[PDB]
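Analysis of the macromolecular model
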Amino acid sequence: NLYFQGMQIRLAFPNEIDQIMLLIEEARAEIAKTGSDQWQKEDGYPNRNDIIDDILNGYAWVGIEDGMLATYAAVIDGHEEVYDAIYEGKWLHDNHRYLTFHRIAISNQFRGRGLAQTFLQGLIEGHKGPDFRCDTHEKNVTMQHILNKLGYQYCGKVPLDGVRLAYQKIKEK
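- Header annotation of the entry names X-ray crystallography as the structure determination method and lists the resolution as 1.280 Å.

- Per the PDB entry, the protein goes by Acetyltransferase, GNAT family and derives from Streptococcus agalactiae 2603V/R.

Here it is, written out as structure tokens:
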């Protein structure tokens, strides 16, 4: 139960699954318009089961704007094995345990990235970290931009679903 710049930022509840899926599908359609294959595969990732797993595992966070579920992300404290395979670069440091954000979906009915930055900044403020990591698709310039604005540094490439661009932010508290 965090507030940041008026947005309520909190763990999702199980009965928000349909609302989250509506947002995920909206986001999936917006990605498709860019020609990216991110979230466009036959497995349906991220699908309803992926999101239920996020809620069961305590990963699922949402941002509520004007009483409406506007944003989603999964936040995982631990290690991503594929991040150890970073190439054409390297991490800022090689600590094993960090916070990673996945499955970020940002309403465009709440459109201008304003909400994404607010949500992700709020998650960063709300967690001790201090090591935050994220990866995105090469064609996801919107996410690259958001990560840059939040102070993440591009570190290199990781071999996730082909290639992903890997980013790291160290929180100065």
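**Details of unusual backbone geometry**
- Here the bond from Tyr 45 into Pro 46 is cis, since omega is -10°, no more than 30 degrees from zero.
- Note that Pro 46 resides in the loop between helix 1 (17-33) and helix 2 (48-57).
- In this model, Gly 129 is joined to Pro 130 through a cis peptide bond whose omega is 10°.
- Here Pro 130 is to be found in the loop between helix 3 (114-126) and strand 6 (131-136).
- In this structure, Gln 5 takes a positive phi of about 50° despite not being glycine.
- The topology assignment puts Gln 5 in the loop between strand 1 (2-4) and strand 2 (7-11).
- Of note in this structure, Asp 161 is not a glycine but carries a positive phi near 50°.

**Quick look at the side chain of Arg 164**
- Take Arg 164: it is sitting in strand 8 (residues 164-170).
- Looking at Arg 164, its side chain comes within polar contact range of the side chain of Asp 161, at 2.9 Å.
- Residues in contact with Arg 164, not counting those within four places in the same chain, are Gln 38, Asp 135, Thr 136, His 137, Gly 156, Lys 157 and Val 158.

**Topic: helix 4 (residues 141-149)**
- Of all the residues in helix 4, the buried ones are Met 143, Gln 144, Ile 146 and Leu 147. Buried residues along helix 4 cover an arc of 165° about the axis, so they all sit on one side. In helix 4, the exposed positions that point more than 90 degrees away from the buried face belong to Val 141 and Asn 148.
- Its buried side turned inward, helix 4 meets strand 5 (98-106), helix 3, strand 6 and strand 8.
- Two residues or fewer after helix 4 comes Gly 151, characterised by a positive phi angle close to 95°.

Parameters at a glance
- Residues numbered from 1 in each chain as written, not as in the entry; some residues may be left out.
- Heavy atoms only, no water.
- Residues with missing side-chain atoms left out of burial classes, pairs and counts.
- Helix = DSSP H or I, 4+ residues; strand = E, 2+ residues; numbered from the N terminus.
- Polar contact = N/O pair within 3.5 Å; in protein donor to acceptor, adjacent residues only side chain to side chain.
- Contact = heavy atoms within 4.5 Å.
- Buried < 20%, exposed > 50% of the residue type's maximum accessible area, 1.4 Å probe, protein only.
- Arc of directions from axis to C-beta.

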